[PDB]
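4 protein chains.
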Amino acid sequence: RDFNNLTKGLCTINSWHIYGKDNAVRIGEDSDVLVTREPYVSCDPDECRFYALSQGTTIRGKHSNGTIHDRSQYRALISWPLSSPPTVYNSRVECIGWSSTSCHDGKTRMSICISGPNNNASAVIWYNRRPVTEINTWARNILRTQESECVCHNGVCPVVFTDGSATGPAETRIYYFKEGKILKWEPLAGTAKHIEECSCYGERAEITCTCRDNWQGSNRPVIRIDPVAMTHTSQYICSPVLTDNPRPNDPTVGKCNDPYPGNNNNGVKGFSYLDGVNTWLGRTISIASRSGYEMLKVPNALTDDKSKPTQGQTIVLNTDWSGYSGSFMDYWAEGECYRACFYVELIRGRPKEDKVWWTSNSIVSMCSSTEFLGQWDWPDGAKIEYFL
Amino acid sequence: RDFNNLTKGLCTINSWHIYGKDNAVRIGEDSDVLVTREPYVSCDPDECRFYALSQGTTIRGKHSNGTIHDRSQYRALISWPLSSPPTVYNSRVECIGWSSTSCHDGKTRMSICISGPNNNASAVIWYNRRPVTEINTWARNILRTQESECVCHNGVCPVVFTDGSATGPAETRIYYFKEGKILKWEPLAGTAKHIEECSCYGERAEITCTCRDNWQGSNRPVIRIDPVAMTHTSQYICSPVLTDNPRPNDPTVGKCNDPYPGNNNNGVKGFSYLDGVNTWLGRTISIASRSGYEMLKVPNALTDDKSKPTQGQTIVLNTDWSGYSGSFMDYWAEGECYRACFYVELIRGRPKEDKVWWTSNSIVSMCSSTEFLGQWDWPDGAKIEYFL
Amino acid sequence: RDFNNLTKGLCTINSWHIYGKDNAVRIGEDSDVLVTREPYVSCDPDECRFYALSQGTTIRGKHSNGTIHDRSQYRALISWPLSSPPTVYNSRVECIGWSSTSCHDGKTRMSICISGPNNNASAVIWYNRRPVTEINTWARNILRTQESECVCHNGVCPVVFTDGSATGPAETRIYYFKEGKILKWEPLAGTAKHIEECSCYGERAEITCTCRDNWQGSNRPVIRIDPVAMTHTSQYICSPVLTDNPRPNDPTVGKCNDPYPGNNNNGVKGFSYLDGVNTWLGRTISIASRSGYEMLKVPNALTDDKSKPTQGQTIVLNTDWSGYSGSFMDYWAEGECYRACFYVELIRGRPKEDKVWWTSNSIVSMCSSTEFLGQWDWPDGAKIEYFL
Amino acid sequence: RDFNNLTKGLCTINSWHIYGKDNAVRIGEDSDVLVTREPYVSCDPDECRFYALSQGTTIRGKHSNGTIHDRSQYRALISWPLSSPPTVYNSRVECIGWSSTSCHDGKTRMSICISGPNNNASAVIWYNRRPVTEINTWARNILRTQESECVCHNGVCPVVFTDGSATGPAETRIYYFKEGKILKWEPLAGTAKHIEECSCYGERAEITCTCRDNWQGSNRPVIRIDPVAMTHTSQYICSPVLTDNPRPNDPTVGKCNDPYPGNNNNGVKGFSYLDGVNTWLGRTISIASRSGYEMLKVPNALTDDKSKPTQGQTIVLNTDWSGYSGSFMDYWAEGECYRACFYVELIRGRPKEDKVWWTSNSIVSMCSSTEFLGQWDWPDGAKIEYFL
Ligand SMILES: *[C@@H]1O[C@H](CO)[C@@H](O[C@@H]2O[C@H](CO)[C@@H](O[C@@H]3O[C@H](CO[C@H]4O[C@H](CO)[C@@H](O)[C@H](O)[C@@H]4O)[C@@H](O)[C@H](O[C@H]4O[C@H](CO)[C@@H](O)[C@H](O)[C@@H]4O[C@H]4O[C@H](CO)[C@@H](O)[C@H](O)[C@@H]4O[C@H]4O[C@H](CO)[C@@H](O)[C@H](O)[C@@H]4O)[C@@H]3O)[C@H](O)[C@H]2NC(C)=O)[C@H](O)[C@H]1NC(C)=O
Ligand SMILES: *[C@@H]1O[C@H](CO)[C@@H](O[C@@H]2O[C@H](CO)[C@@H](O[C@@H]3O[C@H](CO[C@H]4O[C@H](CO)[C@@H](O)[C@H](O)[C@@H]4O)[C@@H](O)[C@H](O[C@H]4O[C@H](CO)[C@@H](O)[C@H](O)[C@@H]4O[C@H]4O[C@H](CO)[C@@H](O)[C@H](O)[C@@H]4O[C@H]4O[C@H](CO)[C@@H](O)[C@H](O)[C@@H]4O)[C@@H]3O)[C@H](O)[C@H]2NC(C)=O)[C@H](O)[C@H]1NC(C)=O
Ligand SMILES: *[C@@H]1O[C@H](CO)[C@@H](O[C@@H]2O[C@H](CO)[C@@H](O[C@@H]3O[C@H](CO[C@H]4O[C@H](CO)[C@@H](O)[C@H](O)[C@@H]4O)[C@@H](O)[C@H](O[C@H]4O[C@H](CO)[C@@H](O)[C@H](O)[C@@H]4O[C@H]4O[C@H](CO)[C@@H](O)[C@H](O)[C@@H]4O[C@H]4O[C@H](CO)[C@@H](O)[C@H](O)[C@@H]4O)[C@@H]3O)[C@H](O)[C@H]2NC(C)=O)[C@H](O)[C@H]1NC(C)=O
Ligand SMILES: *[C@@H]1O[C@H](CO)[C@@H](O[C@@H]2O[C@H](CO)[C@@H](O[C@@H]3O[C@H](CO[C@H]4O[C@H](CO)[C@@H](O)[C@H](O)[C@@H]4O)[C@@H](O)[C@H](O[C@H]4O[C@H](CO)[C@@H](O)[C@H](O)[C@@H]4O[C@H]4O[C@H](CO)[C@@H](O)[C@H](O)[C@@H]4O[C@H]4O[C@H](CO)[C@@H](O)[C@H](O)[C@@H]4O)[C@@H]3O)[C@H](O)[C@H]2NC(C)=O)[C@H](O)[C@H]1NC(C)=O
Ligand SMILES: *[C@@H]1O[C@H](CO)[C@@H](O[C@@H]2O[C@H](CO)[C@@H](O)[C@H](O)[C@H]2NC(C)=O)[C@H](O)[C@H]1NC(C)=O
Ligand SMILES: *[C@@H]1O[C@H](CO)[C@@H](O[C@@H]2O[C@H](CO)[C@@H](O)[C@H](O)[C@H]2NC(C)=O)[C@H](O)[C@H]1NC(C)=O
Ligand SMILES: CCC(CC)[C@H](NC(C)=O)[C@@H]1[C@H](O)[C@@H](C(=O)O)C[C@H]1NC(=N)N
Ligand SMILES: CCC(CC)[C@H](NC(C)=O)[C@@H]1[C@H](O)[C@@H](C(=O)O)C[C@H]1NC(=N)N
Ligand SMILES: CCC(CC)[C@H](NC(C)=O)[C@@H]1[C@H](O)[C@@H](C(=O)O)C[C@H]1NC(=N)N
Ligand SMILES: CCC(CC)[C@H](NC(C)=O)[C@@H]1[C@H](O)[C@@H](C(=O)O)C[C@H]1NC(=N)N
Ligand SMILES: [Ca+2]
Ligand SMILES: [Ca+2]
Ligand SMILES: [Ca+2]
Ligand SMILES: [Ca+2]
Ligand SMILES: [Ca+2]
């Protein structure tokens, strides 16, 4: 095998079609399904799988109580076959930790898991299913990473990490790995003022990441990385179609180089595909909570500060719970272009549904179509009342 | 690998022998078996598997309530090892949707799943386990397909779809796929007046499909496809041995080019092997409900409007529930001929057994023998009372 | 791969060492373990597995009630990894039926399953996991076979079947298969008067089978097959150490060419290794019931009508339940000789333990050692009281 | 494949990073997890797995009652995927017995299991998943072995066994196996006075084992083996940092060639990495019970009788239960040195937690880092109260 190179551009996105859905919470009501959160999807050259951070207990197990908590010693990055649920018996552990990222470079997979107490966390970088490199916390305040797949080009796989306050200036670093080893790292540059949980994709030798400004911005920061030069830039999506959550109502003009104000110290992982007129943004429908999900076609959203939608697609109704969302692509598919894909985490349980003592999620995932396909909505589908 | 070509004829069918049986409802009474319906069987060059549309819940799970419903967002095409039951832990999801078909072309497998609301459904065509092509609804009324395997010849795999009313004229199309891409499509032609759920098989470079005329006919429509010319014809099985359900009692003369009247707006997926004197038809024993199943040897059933049985075999007693049935063959077996095979869906639960709130099924499947073998009956075997 | 040839002799048996044990009934008390009976062991060139006839229900399932019954439509030959229990999720179905045999010829495996009502049963012969040949009942009275592995030599795999009364003269046939096809068959010849459930092994191009004379004999019939000439002989083990069950007490002189009288119309599957002074016989310890199990070294047991034990080994104490036993060997191991192996079925439930409504078993299996190893006893280990 | 040779030295150990953790007791509260004890980790050239002695029952099963017992007929050596829990459905049985060791030589794996009553136990040596050699008890008093991986060099895999009293002089033998056959064996020599459960690792063609002197010593015996000459030496870790348990408080001077007194007839399996200044010792934090676990850097611990710690790392808090610990390395990783790894058995249930009737454990495992990483503590995490 040779290292994969990002030689293709994105396919034209005219609509989104269903790709995978695991119905984990429904199925888990009466089967040994692990409690998870922070899911994502990632492809190898011969298979695509679902990934997530387990909580080290099943949903019906008594240890599900307290799983709203983010960072215990019982978490791990797990992967499992596309559209099956994450069960005790089919889930493969990639590494131990409570924050992760993973990607295949064309030869083998790199997986990164961070563990430890808030003031002394460390990242372990695995390559070919073996630990290769370790990185200690640099700001002693919850060293953390993407929560979705990284992207590689000619063996170089850039990864974005953050260490420091989630509600003020922090120390974000872009690491450039090759075979699990560090080639280089650099501090965040550009005009993004705070970075969290970047969702990335690659096309024509450039990696684009859409992140979460948890401090002040309701517009999303964007990091663009050149994996050959091992350099990057940062800015915000200029469009007035605001895509973080919670957020204020949409204005008529957005901000390109500063956080769009109105909501502080909160946010949600999200993503976008920024490709001129072929630009689509995801967002929750609600401006106040992680409810609903929609895709909006917003031509030149990255650079046009008055850009508005020209087409859309509802993914999850506003009467259903959503959550994190992120990008991935099958870089090893046939054809001349890369088909944009995304997943949405459908969070169930606490804190929105507090009649149960757990927090878990199911996954729904779509990929783009060049047809203009009809839309449906894709809820988690479980009845909370059954778990009481 | 090379594309498979339909170079052989059917073996002489002198009786049927047991091929597979999963006892899913019995086993599922105390194990994590998924609720399914619309099952089928399909072979790859190195393995044969059971397929079905999951309902995204186990049978003992509380989400089994309401699984008589046909088209939710929680359904998916799943496959699992021959004769094992469809469990949470052994079921592989092929695609998401509530109507499907799947077939191997000798190189890799094509799987098709349709999802969406009644007025805006779409088909996603997967090839080599990746989405390749998408087709939007053309009549905005439950775009739908076979519910059993398709058949390929030199890489061309024809598939029959229907969109429109189930109880009047509809728009049926025959699509010719190759590597998941559309080579051509054509509207139904011939004298069949309504087509649903075709069950197909191939021999000597011709594909024969036996379908369900849900509108007016109790005789079954037959579509014969030339996968090289990419053309087809349609008619009805001429025989007076009527094989849909419900249906009127058998007459002495059938109809070749029009629906045999007596029952409207209802039916059941079924199949036949139409090979001159080597012709065998399946049907429910009851004329009123999906109960029992038998195979009848009816020489020249396709073209002789007075043809009657010359031999038979009971598969399921009339005191046991049956359901959908369809054809498949192992195109990669050894020998000089293709051995005809079929499955019968054994439906349990609603609406016939309404003491339970679910609907599921188990599978029984047979293949032909050149011997004249003794017969047995093969019920689902589960006791409904145990689920109360 | 080439067909395996029986070129080696048996290793010297000086004691028996533990080979596998699944603890199925213990584990199945709280996990999804299938109810089985009539187990055996069989090796492929790269793996050895446990086999048995499932009853199509778990042990804790409500459908376990009534599993003392021998021949339902819900049975199947299943195989699973050595020493794991037969679970819903790890059990591979080989074929459907209530009587079986299976063996690997060095290239691929042949598996045979018989199904049907008592007066109309049929055998389906599978080869390379596909049905190849079918055989109809010839005496219309429970067509049946070995219940343990067959043995192959240069692709020829002889199999012993019986059809007819279990308590009087019956029609026993020896079939010679090659690639699942019938080369030849012949009626039983020699002085054995009734044959059931032969347990076979091969060495130096000769296959030896030890069977169950269910009609009159408490000594076991022996069939010796030449798989090149496709011919056989039959007689009884001459020794006065009687090895069927139930049986009368041991006399001082046995019978070579007639059934040793005392007990009629009953028996148990068993085995022996008949190799001059390297001869070892298995048997239940009790003369009245399937309780205990021991191995006895009885030099020249086949031909010496006064031969008595010169060494022994207890396998299962007389205060523990045993059941069927049979021979198998790993024909693909390293070294210059074939190591004799056997299994013992540890039956639990009915009819001996009727506080439960089911009948199942676990497996224990040993192979010979050239050392004189210490002995232990190997009970099933489950507590019936826990299942109440 | 070629036999692996121990050509590299140990990497510099500056801290320990998380490697694997299965959370088995937490997960097993509501899933079919086997009861185990005496776990370890061992790598093949393409995968690393967890190993343990099953008790042949799940933790929630009624047969979990009485699993404090060490040596039943229902135990077996099982292996399962790294960091998954040992479940009924994912656990592979390697051999049957109640004492084991296992290692890969670069070509295939050797696994050894001992079974039998106290006065008549025997070892069966498996190679390439087949039984090859058997060894009978030589002192008729619980023949027993390492309970952690063995190490191979150019196909020679030395294994340490003990037979005889656990509380006085016993007969310890070092066996040198190659392809499962005995090349040679020799009685223990040197100044170690009693040996149990050696934990071994290899580097630069030398194998170092740290053992448990159950009779008189609270310092640990050390056996150093030359696998080419097939010779060994023995002594004790000289350091005053005592690492068995229970043990007296640390003195200022230890003993090099005799047991450090204070505690008799008790101990716990443990390990060390003895590499000059790159020396790290593991031990329980408590001197009285199997509680807590810490790693201490003790330069020249093997040869310096006043050596004290210069650095440390807490693995398990003293308020959490620990248990056995042992060494393993991935001998097939990339790079120029071997990365030291270890596991800690986290024992739950009896005898410390007697509100439950079972005894089981979970596993935590770490490997060394050349960074100075922050530390966390890694408890089992299960709540005993949930099992009541
Ligand atoms: C069969 O399926 C097909 C295919 O899916 C169906 O056709 C689809 O129908 C969709 C629904 O109508 C449609 O999606 C909409 O597209 C609009 C763009 O098109 C229109 O404008 C362009 C540009 O002028 C024209 O060319 C075009 O012809 C249309 O006129 C979007 O504008 C739509 O999104 C907005 O509305 C929805 C509510 O429906 C909001 O959720 C969404 O966020 C957008 O509105 C908010 O945002 C904008 C931008 O800032 C504001 O201006 C606006 O006030 C809203 O703001 C409030 O709400 C947000 C969200 O809560 C909040 O943050 C903010 O603060 C404010 O409170 C929508 O995306 C598909 O494009 C169309 N597809 C095709 C190919 O046709 C067909 O209907 C189906 N058939 C049947 C029978 O069902
Ligand atoms: C051991 O096993 C062997 C092998 O299986 C057993 O032998 C099998 O025995 C079967 C049962 O007898 C037999 O199957 C029958 O075959 C008949 C054909 O053979 C006869 O006719 C030919 C032609 O003349 C002769 O050559 C031949 O020798 C025989 O005489 C079929 O006609 C049979 O089917 C009809 O009967 C069954 C009821 O038994 C119906 O369910 C079935 O649908 C058929 O009847 C309906 O349909 C016809 C056609 O329209 C009507 O004319 C008729 O009135 C019936 O219609 C009513 O019912 C239907 C269904 O509900 C409804 O739709 C309609 O409106 C009406 O209400 C049957 O198939 C096997 O061929 C035979 N095999 C061999 C190789 O011998 C042996 O018995 C076993 N041994 C033991 C001891 O058990
Ligand atoms: C550590 O482990 C080692 C290795 O396992 C242990 O050593 C083993 O010890 C075993 C038990 O003593 C021993 O097995 C016995 O071997 C006898 C043969 O050896 C003796 O005879 C020869 C020939 O003369 C001598 O060379 C030799 O030195 C000995 O003297 C067998 O004869 C034994 O079997 C008979 O006894 C058992 C009861 O113990 C019966 O269950 C068994 O069926 C045999 O007896 C019945 O059958 C014979 C034959 O017809 C009759 O003559 C007799 O009356 C019995 O019949 C009744 O019972 C049967 C069964 O219910 C019934 O059908 C019938 O109708 C009647 O009612 C036995 O096999 C191993 O050989 C020996 N191994 C070695 C290598 O030494 C050591 O003890 C262990 N250490 C500790 C400390 O435990
Ligand atoms: C972020 O993470 C980093 C990295 O992990 C954290 O930094 C680590 O901090 C650890 C805790 O302080 C530290 O570990 C200690 O290291 C000591 C060695 O360093 C000191 O001495 C050297 C040599 O002079 C200096 O160079 C160095 O600068 C330091 O001064 C060890 O000595 C420590 O172990 C002893 O203490 C612990 C209690 O903390 C005991 O459990 C342990 O067993 C040791 O003490 C017993 O044993 C000795 C030896 O016999 C006795 O002398 C002593 O009295 C104790 O004996 C009693 O207890 C034992 C055990 O119960 C019993 O058997 C006996 O009988 C007696 O009852 C300890 O290992 C790491 O090295 C350090 N790492 C780095 C790289 O810095 C940082 O803190 C984290 N940050 C935050 C904010 O949390
Ligand atoms: C991605 O591009 C790199 C860089 O050009 C390709 O790398 C070359 O691969 C060939 C084939 O193995 C080698 O002969 C060269 O030595 C490689 N290195 C360089 C720098 O040229 C790589 O093959 C490309 N990937 C694919 C899938 O084509
Ligand atoms: C078992 O013996 C048969 C018969 O001698 C061997 O068969 C020959 O195999 C070789 C190798 O494939 C062929 O060239 C011959 O044509 C085969 N047939 C005969 C009749 O000679 C077979 O190889 C032996 N099996 C093994 C494992 O050696
Ligand atoms: C404290 C910093 C937060 C990110 C901005 C926090 N990240 C981590 C590693 O803890 C996330 C946030 O608290 C949770 C959420 O917003 O859903 C998930 C939670 N993420 C994870 N548990 N992996
Ligand atoms: C409305 C059109 C019907 C076919 C003629 C209908 N098909 C679909 C896709 O919904 C089927 C029919 O209602 C059910 C049955 O007859 O058993 C199954 C049902 N089929 C599926 N759920 N896949
Ligand atoms: C009626 C003839 C019997 C053999 C001599 C009978 N065989 C079959 C195929 O039914 C066996 C016997 O009744 C049972 C037993 O003795 O344990 C098992 C039972 N065997 C099986 N259920 N496979
Ligand atoms: C009697 C000798 C003991 C070792 C010094 C004893 N070993 C065996 C094979 O029984 C161990 C000891 O009793 C137990 C413990 O200390 O945890 C485990 C127990 N080990 C095992 N059950 N495998
Ligand atoms: Ca924000
Ligand atoms: Ca109809
Ligand atoms: Ca359960
Ligand atoms: Ca008898
Ligand atoms: Ca000690």
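In order, the protein sequences belong to chains A, B, C and D. Using the authors' numbering, the letters of the first sequence map in sequence onto residues 82 to 169, 169A, 170 to 333, 335 to 392, 394 to 412, 412A to 412B, 413 to 468. Using the authors' numbering, the letters of the second sequence map in sequence onto residues 82 to 169, 169A, 170 to 333, 335 to 392, 394 to 412, 412A to 412B, 413 to 468. Using the authors' numbering, the letters of the third sequence map in sequence onto residues 82 to 169, 169A, 170 to 333, 335 to 392, 394 to 412, 412A to 412B, 413 to 468. Using the authors' numbering, the letters of the fourth sequence map in sequence onto residues 82 to 169, 169A, 170 to 333, 335 to 392, 394 to 412, 412A to 412B, 413 to 468. Virtual Cβ for every residue (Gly too), placed ideally from N, Cα, C.
Which of helix, strand or coil does DSSP assign to residue 109 of chain A?
Looking at residue 109 of chain A - three-state DSSP - the assignment turns out to be helix.
Taking the alpha-carbon of residue 83 of chain C as reference, which of C:444, C:144, C:196, C:184 has the nearest alpha-carbon? For residue 83 of chain C, the closest of C:444, C:144, C:196, C:184 by C-alpha to C-alpha distance is C:184.
| field | Nearest-angstrom beta carbon gap, residue 423 of chain B and residue 120 of chain B [assumed within contact, 8 Å] | value | About 6 Å separates the two Cβ atoms, so the contact holds.
- Message: In the DSSP output, what is residue 257 of chain A paired with across the bridge?
- Response: A:237, A:262, per the DSSP bridge assignment.
Cβ of residue 142 of chain A within 8 Å of any heavy atom in ligand 15? No; taking the cut-off as 8 Å, the Cβ of residue 142 of chain A has no heavy atom of ligand 15 nearer than that.
| said: Considering only heavy atoms of ligand 12, does any lie closer than 8 Å to the CB of residue 145 of chain C? | reply: Because no heavy atom of ligand 12 lies under 8 Å away, the Cβ of residue 145 of chain C does not count as near it: no.
As assigned by DSSP and simplified to three states, the class of residue 143 of chain C: Reduced to three states, the DSSP call for residue 143 of chain C is helix.
Q) Going by the C-beta, is residue 343 of chain A closer than 8 Å to any heavy atom of ligand 1? A) Flag unset: Cβ of residue 343 of chain A not near ligand 1.
Is it a yes or a no for the region 171-181 of chain B touching the region 105-113 of chain B, going by three-plus beta-carbon pairs under 8 Å? Judged by Cβ distances under 8 Å, the region 171-181 of chain B makes no contact with the region 105-113 of chain B, as fewer than three pairs qualify.
| request: Answer yes or no: the CB of residue 407 of chain A versus the heavy atoms of ligand 1, is any distance below 8 Å? | output: For ligand 1, not one heavy atom lies less than 8 Å from the Cβ of residue 407 of chain A.
- Message: Which residues in chain A have a C-beta closer than 7 Å to the C-beta of residue 162 of chain D? List them in chain order.
- Response: Within chain A, 172 have C-beta atoms less than 7 Å from the C-beta of residue 162 of chain D, given in sequence order.
Practice prompt. With DSSP as the reference, label residue 354 of chain A as helix, strand or coil.
Written response: Residue state, collapsed to three classes: strand.
Notebook entry, point to check: Taking three-plus beta-carbon pairs below 8 Å as touching, is the region 315-322 of chain B in contact with the region 358-368 of chain B?
Noted result: Here the region 315-322 of chain B lies against the region 358-368 of chain B, with 3 or more beta-carbon pairs under 8 Å apart.
### Message
Just checking: is the beta-carbon of residue 157 of chain B within a distance shorter than 9 Å of some beta-carbon in chain A?
### Response
Chain A, which has a Cβ nearer than 9 Å to the Cβ of residue 157 of chain B, makes this yes.
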